[PDB]
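Residues per chain are reported as follows:
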Amino acid sequence: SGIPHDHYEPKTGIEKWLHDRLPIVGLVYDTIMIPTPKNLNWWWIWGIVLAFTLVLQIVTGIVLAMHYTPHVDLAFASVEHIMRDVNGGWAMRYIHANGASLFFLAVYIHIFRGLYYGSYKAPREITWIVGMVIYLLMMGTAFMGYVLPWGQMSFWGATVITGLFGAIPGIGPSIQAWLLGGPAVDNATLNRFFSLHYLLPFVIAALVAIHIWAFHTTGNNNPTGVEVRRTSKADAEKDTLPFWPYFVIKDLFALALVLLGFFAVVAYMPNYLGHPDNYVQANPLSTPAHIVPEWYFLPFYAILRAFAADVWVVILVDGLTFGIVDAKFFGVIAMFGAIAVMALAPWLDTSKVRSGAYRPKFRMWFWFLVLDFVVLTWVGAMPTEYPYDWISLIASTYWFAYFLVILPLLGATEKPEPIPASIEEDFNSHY
Amino acid sequence: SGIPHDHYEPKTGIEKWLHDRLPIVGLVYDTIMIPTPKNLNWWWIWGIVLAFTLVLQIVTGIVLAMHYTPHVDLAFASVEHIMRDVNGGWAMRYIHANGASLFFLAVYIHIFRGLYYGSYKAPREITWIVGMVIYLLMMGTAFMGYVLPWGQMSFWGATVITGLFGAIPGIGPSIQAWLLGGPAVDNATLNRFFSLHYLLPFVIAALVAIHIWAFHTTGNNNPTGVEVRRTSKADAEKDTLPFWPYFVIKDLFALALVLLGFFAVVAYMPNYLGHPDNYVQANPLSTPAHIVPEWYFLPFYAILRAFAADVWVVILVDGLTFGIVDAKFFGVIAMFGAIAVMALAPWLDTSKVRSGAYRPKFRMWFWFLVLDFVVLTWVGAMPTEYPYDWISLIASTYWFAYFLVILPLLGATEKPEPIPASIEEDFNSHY
Amino acid sequence: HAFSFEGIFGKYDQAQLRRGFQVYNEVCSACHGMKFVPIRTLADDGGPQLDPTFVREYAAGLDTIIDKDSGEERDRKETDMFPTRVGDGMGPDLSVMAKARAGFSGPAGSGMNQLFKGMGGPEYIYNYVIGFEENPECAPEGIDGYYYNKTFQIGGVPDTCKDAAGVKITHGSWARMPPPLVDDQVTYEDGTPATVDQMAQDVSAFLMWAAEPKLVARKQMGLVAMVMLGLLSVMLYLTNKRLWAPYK
Amino acid sequence: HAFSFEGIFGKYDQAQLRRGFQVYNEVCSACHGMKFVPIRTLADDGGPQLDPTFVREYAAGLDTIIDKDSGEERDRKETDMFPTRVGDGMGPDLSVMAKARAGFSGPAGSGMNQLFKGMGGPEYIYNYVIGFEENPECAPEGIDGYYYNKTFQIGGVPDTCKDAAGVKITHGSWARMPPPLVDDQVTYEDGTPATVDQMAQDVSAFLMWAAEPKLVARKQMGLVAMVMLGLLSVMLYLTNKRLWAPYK
Amino acid sequence: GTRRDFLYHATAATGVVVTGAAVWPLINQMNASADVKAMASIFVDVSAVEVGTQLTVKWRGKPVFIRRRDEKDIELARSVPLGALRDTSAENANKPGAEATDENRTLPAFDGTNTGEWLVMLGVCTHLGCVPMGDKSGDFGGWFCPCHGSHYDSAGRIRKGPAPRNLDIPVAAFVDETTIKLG
Amino acid sequence: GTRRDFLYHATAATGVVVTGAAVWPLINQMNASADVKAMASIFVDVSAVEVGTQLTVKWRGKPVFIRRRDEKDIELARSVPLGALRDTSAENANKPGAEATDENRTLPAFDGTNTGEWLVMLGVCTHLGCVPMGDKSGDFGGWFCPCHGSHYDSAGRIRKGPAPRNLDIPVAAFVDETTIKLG
Ligand code: HEC
Ligand code: HEC
Ligand code: HEM
Ligand code: HEM
Ligand code: HEM
Ligand code: HEM
Ligand SMILES: C/C=C(C)/C=C/C=C/[C@H](OC)[C@@H](C)[C@@H](OC)[C@@H](C)CCc1oc2c(O)c(OC)cc(OC)c2c(=O)c1C
Ligand code: FES
Ligand code: FES
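Residues numbered from 1 in each chain as written, not as in the entry; some residues may be left out. Chains lettered and ligands numbered in written order. Heavy atoms only, no water. Residues with missing side-chain atoms left out of burial classes, pairs and counts.

- The name the PDB entry gives chain C is Cytochrome c1, with Rhodobacter capsulatus as the organism.
- What the PDB record gives as the title of this entry is "Rhodobacter capsulatus cytochrome bc1 complex with stigmatellin bound".
- Listed under Subunit in UniProt, the entry text for chain C is "The main subunits of complex b-c1 are: cytochrome b, cytochrome c1 and the Rieske protein."
- In its Subcellular location section, the UniProt entry covering chain C states "Cell membrane". (UniProt positions renumbered as here; feature names shortened; annotations may be inferred.)

- In the annotation of the PDB entry, chain A is listed under the name Cytochrome b and assigned to Rhodobacter capsulatus.
- The UniProt entry for chain A carries the following comment under Function: "Component of the ubiquinol-cytochrome c reductase complex (complex III or cytochrome b-c1 complex), which is a respiratory chain that generates an electrochemical potential coupled to ATP synthesis."
- Annotation of chain A in UniProt includes, under Subunit, the sentence "The main subunits of complex b-c1 are: cytochrome b, cytochrome c1 and the Rieske protein."

1. Looking at the coordination of the iron atom of ligand 6
All names here are of chain B.
Next up, step 1: Taken together, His-96 (NE2) and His-197 (NE2) make up the full set of protein donors to the iron atom of ligand 6, lying 2.0 to 2.1 Å away.
Next up, step 2: What the six donor atoms of the iron atom of ligand 6 show is an angle range of 81 to 172 degrees at the metal, which sorts the shape as octahedral. Residue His-96 is located in helix α5 (residues 90–116), and its partner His-197 is located in helix α9 (residues 187–207); the two are separated by 101 residues in the primary sequence.
Next up, step 3: Look at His-197 and you get buried, because its relative accessible area is 17%. (Donors = N, O, S within 2.8 Å, 3.2 Å for Na, K, Ca; no water. Tetrahedral: all angles 85-135°; square planar, octahedral: opposite > 155°, others 65-115°. Helix = DSSP H or I, 4+ residues; strand = E, 2+ residues; numbered from the N terminus. Buried < 20%, exposed > 50% of the residue type's maximum accessible area, 1.4 Å probe, protein only.)

2. Some thoughts on the packing of helix α6 (residues 125–147) of chain B against α9(B)
Residue and element names in this part refer to chain B.
Next up, step 1: At their nearest, the axes of α6 and α9 sit 9 Å apart, and the two run at 150 degrees to each other. On the basis of the axis angle, α6 is roughly antiparallel to α9. As α6 runs across α9, the sense of the crossing is left-handed. Seen from α6, the contacting residues are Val-130, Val-133, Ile-134, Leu-137, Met-138, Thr-141, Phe-143, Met-144, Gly-145 and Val-147; seen from α9, they are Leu-190, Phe-193, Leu-196, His-197, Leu-200, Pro-201, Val-203, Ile-204 and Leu-207.
Next up, step 2: When the residues that make up the contact of α6 with α9 are grouped by side-chain class, the tally is 16 nonpolar, three polar and no charged. (Axes fitted to C-alpha atoms, helices over the stretch in contact; angles between N-to-C directions. Parallel < 35°, antiparallel > 145°, perpendicular 65-115°, else oblique. Left-handed = near helix turned anticlockwise from the far one by under 90°. Contact = heavy atoms within 4.5 Å. Nonpolar A, V, L, I, M, F, W, Y, C, P; charged D, E, K, R; others polar.)

3. Side note on the interface of chain D and chain B
Accessible area lost upon the coming together of the parts serves often as the stated size of an interface.
Next up, step 1: Facing 46 residues of chain D, the contacting portion of chain B comprises 45 residues.
Next up, step 2: Between chain D and chain B, the buried area comes to about 3,900 Å², and carbon and sulfur atoms account for 68% of it.
Next up, step 3: For the interface between chain D and chain B, the tally reads one salt bridge.
Next up, step 4: One salt bridge connects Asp85(B) with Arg40(D), and the closest N-O pair in it is separated by 3.1 Å.
Next up, step 5: Here chain D and chain B share 12 residue pairs in polar contact between them. (Buried area = accessible area lost by both parts, 1.4 Å probe. Salt bridge = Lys/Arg side-chain N within 4 Å of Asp/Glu carboxyl O. Polar contact = N/O pair within 3.5 Å; in protein donor to acceptor, adjacent residues only side chain to side chain.)

4. Considering the domain arrangement of chain C
Residues and elements named next belong to chain C.
Next up, step 1: Each assigned domain of chain C is listed here: domain 1 (1–213) and domain 2 (214–248).
Next up, step 2: Each of domain 1 and domain 2 was reduced to a C-alpha centroid, and the two centroids are 40 Å apart.
Next up, step 3: With 11 residues of domain 1 at the interface, the matching set in domain 2 holds six residues.
Next up, step 4: A combined buried area of about 690 Å² lies between domain 1 and domain 2, and 62% of that area is made up of carbon and sulfur atoms.
Next up, step 5: Of all residues in domain 1, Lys-11, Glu-212 and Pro-213 give up the largest surface area on contact with domain 2, accounting jointly for 57% of the area buried on that side.
Next up, step 6: Linking domain 1 with domain 2 are one salt bridge, by the criterion used here.
Next up, step 7: A salt bridge links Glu-212 to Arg-218; the nearest nitrogen and oxygen atoms lie 2.9 Å apart.
Next up, step 8: On the surface where domain 1 and domain 2 come into contact, there are three residue pairs in polar contact.
Next up, step 9: Grouping the constituent residues of the side of domain 1 that touches domain 2 by class yields six nonpolar, three polar and two charged. (Domains from an automatic or database assignment.)

5. Structural notes on the UniProt feature "transmembrane region" in chain C
Next up, step 1: UniProt records the feature "transmembrane region" for residues 221–239 of chain C in the present numbering.
Next up, step 2: Secondary structure across residues 221–239 of chain C divides into 95% helix and 0% strand, with the first and last C-alpha atoms of the span separated by 27 Å.

6. Notes on the arrangement of the chains
Next up, step 1: Of all 11 pairs of chains that touch, the greatest number of contacts is found between chains B and D.
Next up, step 2: In this view chain B stays clear of chain C, with the nearest C-alpha atoms of the two still 11 Å from each other.
Next up, step 3: With respect to C-alpha atoms, chain C approaches chain D no nearer than 10 Å, and the pair has no contact.

7. Comments concerning the site of ligand 7
Next up, step 1: Every one of the 21 residues lining ligand 7 counts as a neighbour, but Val160(B), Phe165(B), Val292(B), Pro293(B) and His148(F) are closest to it.
Next up, step 2: The local environment of ligand 7 is shared, drawing residues from chains B and F.
Next up, step 3: Taken by itself ligand 7 offers 850 Å² of open surface, and the protein chains cover 91% of this.
Next up, step 4: Where the shell around ligand 7 is concerned, the elements lending two or more residues are α6, α7 (152–163) and α15 (327–343) of chain B.
Next up, step 5: Here the shell around ligand 7 is composed, by residue class, of 17 nonpolar, three polar and one charged. (Near = heavy atom within 4 Å. Areas by Shrake-Rupley, 256 points an atom, 1.4 Å probe, with all protein chains shown as cover.)

Structure below.
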């Protein structure tokens, strides 16, 4: 159906001739404008910040490629030469490394803004699903980026995460030496991981095309979770404003704040997030004492090592398959599938309340999943002793159940709150 | 204007839901269909073949990066290891090397199809200019590609072509060591040239977006040079057919032939085009005896070395500037500008005959420019003796005059021929 | 007595980098490499800052190199690296060690309440040198080699003074490195009492500079991103105050 | 005289690659390297095809290597390269020379009228060995070292038998390489008369294999692209014949 | 013309088999290229290794372990019920079909003695392939891989964690008392 | 006005100065990094070079030429009218302001003789930087860069082609009769 705005009539003589041959004037006009709902709060900034961080990565990503040498004997030294001798090359390295945290911090806030306010749920399904493959890609990309300076964190994560595919039965050992380029994690691995850490962020920019495409086509969502009067044209005017110059400027501002933040982090604590054993040149004989995965992989880290073969549900399934889904492969399936039940989120909300602050039962399970997440990332830093094996098993199971049990329940077992009917009405409940 | 055809009505229930959230079904329907003029001959295949050759390059381009090591001490050996040890790695290297010739052979046939039939001239000017920057990028890209295996052809062309920017007075020395990464053509050069030979063909793929965009928007051209009845809807039906399945299939056919050709060339003469001194590991002390530029740069090569300081027009200009446009910098300007007067082509055809075979005076200067070109590529192989210095000076000047004198004459000084009024009428003329 | 860089806008101590340089050359260079440090950087801004032609003379004295072209030796130049001292009896290349070491466990082992403080690295170096002790719990005539260090967590613990249960029931563990500063081992220029603590306070700050030689630059950079993105931010706030107030 | 590979669907001669292999090891290896040829490839398909455990024994006899880890010597393995014979009196690494040499015109530097024929390389090799001559017209003493070769275009000439004007009055030019095959210099296995021509015909085809060892593969590949893109083409012609005939 | 019906669908078969076996060599490149295609045995001069420690050694990419088993570590490795093991295969190539008794996790010295004194497995942990901390660490007087927390006894057999098998014993063999051939 | 139109264009100035001096360090990285930032003089043991040939030598990236000028090549280099040269500067750093006479294309031998016998220029041709073929090649008994066909006499001065200047003579200096310092 689609929010009726006054589109592009090629007015002056310039634009009249342009439009007969390449209509870009109007495509930028009809996307920089757009009837964008006016009640949008600061949890909506985190998509411009994301898109900025991707441009920032793509940009500093190439600088670094003019300097970094992808081969084992040269690799850690080249990165090390970039710190010392390349003019401003420390501030490139630090910015491209800490970037990936920002790129990942905010994709989480992006995902929990979307999780509250029904932004997975119709019309918004394709908006969501395309974000999934952008997520997968962003993770795999940030993996391959960390392999590059061949430090001990680099090396062993590559032995681990390639080895994850070896957990697949039958065909899985082959898939291993395919990503490996043979027996071990030698050099053929670091040459191929230079290549795909370059290619994949371009595929990622091509999918934010199809992401910006999709959220325009659904029409932009609002925090009432009500749609944006697609009946007359002047009631849409009370419902929406144009992006430019209202929501362009808001998304600019918070970015200038997010960047004010991010620049102080690079300037005054740039190895906080980085786990110092990457400055320990990669030894294929010693896996370090304190091998922690990088922070933004930590809560899914924990889902893999919740499920040892003491965990009854594993023993069961190792039981039922009689040998195949042991706690290696089980915890793989557990972790890969911990994501897959978050992809599945529009089909497993059953409630036809879209949004959030007019849903008070759902609203408290959610702040348990925010907590869950924070506890899951936390317990990845923690050893596999008591209580931590239990804690992780609680976190992992809460998670897994929120998308499976709690969500296609709560539709049935809960009535709403005072939900409005106009985007203006909520906005005026303020004027 | 827009040739009117029956657009996309989301018919079945599948497509009705898809279209509420991502209209890609219709965008591919309304571009795979399109009222494409029905009289189009085999000189119009050479844009699918081009696009294919860009995908082929992009694709083999990345395989190679999983194996090639961009650093001086490793570089030629890595490439050499790709030949020997990488499974099918010789057939990758040969295919990506000979690809660039095909990529360039056909871009020429593309450009001389467009030069005959008025495809630079309105409505078509933006289609044309966007092809220029695609051209520019394609040359600079295939430049940086050649530098990578650090053979002697690699090395010296890097010393030459970066030195071309040194020819710029005043600021030009700086631009040198900026592209160089210093004093000479050492390693900092080869590391930055790995980077940009990877980035730029993606910018090239984004510009074929804006090239496919344009030629759709103008409407596709035809060889009568008349436009395609944008008045009724059923007279457009006699003028055009849909791309799919008529013009898709034609462009597929000739491609399968073009590829049938190209595969035999790799399989049975793969170093014909390659100048064997690239198998001579780069020596920073000896510039080889027979240093020929690769074939597709040869006719512009010759434009640079037409103009030595014996050539009177140089002496003049070195005379009038009193020192600055000597035959170094003159020849630069000559060659760079030999392209700029090919960009300038829609502004300097003055005739409002669009096309070609209804223009018999133009028709014979053109086959002098086809000739001119072949002679210019030829004389690039030839030394700077008599007669070759003259031959080159003739070719260079014919060129340079065809866009400057012959073209904005011929409008005034020539009347047409029997030009039709219908795209159908020419098509019906045989039977 | 708390380092000079460390803080919110502190710099490298000009004095102390020079002071600590001499300690590497006289004591540690026989067993430790800096294969990722180009020697020329001694004369660089924001470091110890020496004379260029001294640096040349100093570099001459460091040992030969099978030079990559001629395939034969020469006296070492200032463009070159410090040598790879990793042979036998030799320790890790400390080339970028003072950010490769951070034995900092807590609070709740994730990196949490370090809120007045820092990250930890130059101060593991200080504690590595000072903490060479008498073997406390048990163990007779040494372990021959393996010297007890009270800080070095990760090395040799004998099972006689590990456990019956599992773990080490001692704090530090046994190194492989002889107690390298028997006090007053060299002589200073700016007065400065050459103590075992004062030499180990000092060679710590130098080895930080062989990790972040561009450090006093990021302190300078920070102030300028603070102005620039600060009053782009402040200015963007004023552009939302007096533009949105039509609908506010 | 006329090689086996060359043609439209010819392969490497199984015999001749073996025959020519021995000539490198006995005559040429003292002055020439193959630093881009891994030794294990002698036993590979589509080459000379030897015994793997012979190849090992053979590789043992080639000289030592400062091996990259231990930093010290060993008998050379079969995984390793042939050695870099480039020291003094030594020639070019012929490791990939038989595609690095193509002294051929057209009339073009880049090439023309080669339409029944090829590109040129293995046949420069053959002519380099055969064409060691007495000195034509004049240049009647040598040049001490620099031996007259009638093929070697690119080298020294005594200007006595260059010119008063520009170029060489006597045919090729003076090498730096001694006439390496005084005839019957080694002994063959499949009969085969060990002539100076028959040894230079034979070591030519081997040094082509040290440039295209994957050659008989592209001949194989060619036949299959000929089928596949052949009857995709032929099939696409039939899809335009009986689809466009509505409008034809 | 006459050969025409499924010719439409016939061509799109060839426009799938041609752009199929062209998209297969795109896959195959990523396999092991001939620079690593094989690897063969090495000799290890034990001789002067001291007693009751481990010696770690690189062979075929990843480490090999040689511990000379002290008294504690052969008592407490023999003191192990066969049915209280996850993997109850020997994980030995030398002794293929054998089960994981403390006599199947060993080798000869005088090519024939076998005392429980030679422990040679390789440092790839069976979970996700990290290295185990040695010299009685973790909780079974053995080996703790700190990657996802697997625990090993003093015969490299598997106890706690997610690692589904014991550490493999390779194709080790002695030649004299100073030397071990890994082949 | 200036209460609702001054603090609009002001911000887009800061939204240009901030995204300007952030787009400058993106440029500067591509300059010469400190691994090649300086490189000072080298010593060349001439001592045993034979007469009437050239010795080529790498210094600061690109070759240096040393030809010991034989009899033909000093006669026919002195036989050169100064006004029949393109570049009529000496192209010398040793003798800065001098003009391109055959006595300004030279080094003194003990430290003061100067006979026309020491020709030291560097192998970068002035057109686009290639190397010249030596030992009397091309057309002026000198040097032929085959790149775009420049021609040099026997003092490295420029004759035919596009190369606008002579070959530069560096900052060469002797120390004893066996040795030359390029600095
Ligand atoms: C030879 C007699 C040495 C002298 C002089 C110095 N070091 Fe050293 N060191 C040496 C060895 C063989 C080792 C091995 C690691 C071990 O098991 O203990 C070391 C170790 C270090 C380390 C840390 C290694 C680790 O695993 O954490 C550090 C930080 C270190 N050494 C620093 C250091 C300093 C500052 C020295 C000068 C006062 C010094 N070492 C001298 C051998 C020797
Ligand atoms: C040492 C006495 C040698 C013997 C035995 C072989 N070669 Fe050689 N060769 C040697 C030198 C010093 C050179 C220098 C280049 C020159 O100025 O001549 C060469 C040259 C070659 C070349 C080509 C070099 C070129 O500039 O084109 C080739 C192709 C070559 N040599 C081949 C070759 C063969 C086949 C041999 C075995 C019969 C052989 N060489 C032996 C030194 C020596
Ligand atoms: C990492 C790259 C991403 C970029 C560049 C990006 C950009 C944007 C933008 C500009 C918006 C519009 C409103 C806003 O900013 O909140 C948006 C919204 C949204 N994104 Fe993304 N986003 C990204 C990641 C994701 C991911 C990873 C997911 C899914 C897991 C996702 C799902 C959504 C949804 C569901 C919406 C709301 C749709 C609406 O408001 O109509 N996005 N994103
Ligand atoms: C989605 C965008 C990106 C993400 C999430 C990302 C992430 C990362 C990460 C986490 C690292 C390791 C940093 C470190 O430990 O030092 C890295 C390194 C690197 N990346 Fe990226 N990056 C992105 C874009 C790019 C692109 C497009 C390129 C293409 C040229 C690139 C090239 C490099 C290089 C050369 C390095 C090594 C430099 C270094 O390790 O410091 N990056 N990347
Ligand atoms: C190298 C990448 C290129 C690709 C992938 C490409 C693709 C195409 C395609 C599909 C067409 C439509 C008809 C045809 O195939 O002939 C076309 C036409 C055209 N191209 Fe290109 N082309 C390329 C290069 C260029 C260049 C280098 C120029 C200019 C110097 C140029 C200017 C034009 C013009 C003027 C037309 C005709 C417009 C019309 O028929 O309405 N193109 N190209
Ligand atoms: C517009 C598309 C392309 C053109 C015209 C082109 C051209 C070339 C050329 C002429 C060479 C030299 C081949 C040789 O002499 O061996 C080359 C080499 C190379 N190019 Fe590309 N290329 C393209 C796309 C790409 C892309 C996207 C990549 C990104 C990964 C890439 C990576 C490489 C590599 C690694 C080499 C070294 C392999 C070799 O030298 O054989 N190419 N390219
Ligand atoms: C850092 C580099 C960047 C940013 C790219 C810079 C690009 C400049 C141009 O790109 C548009 C350039 C490719 C384009 O000039 C119009 C070409 C036709 C250049 C023609 C060209 O080729 C040669 C070549 O191949 C050689 O090889 C063996 C050797 C050469 O000397 C003998 C040349 C040569 O003398 C010229 C003029
Ligand atoms: S890899 Fe050994 S425990 Fe996870
Ligand atoms: S570059 Fe010296 S000849 Fe053109």
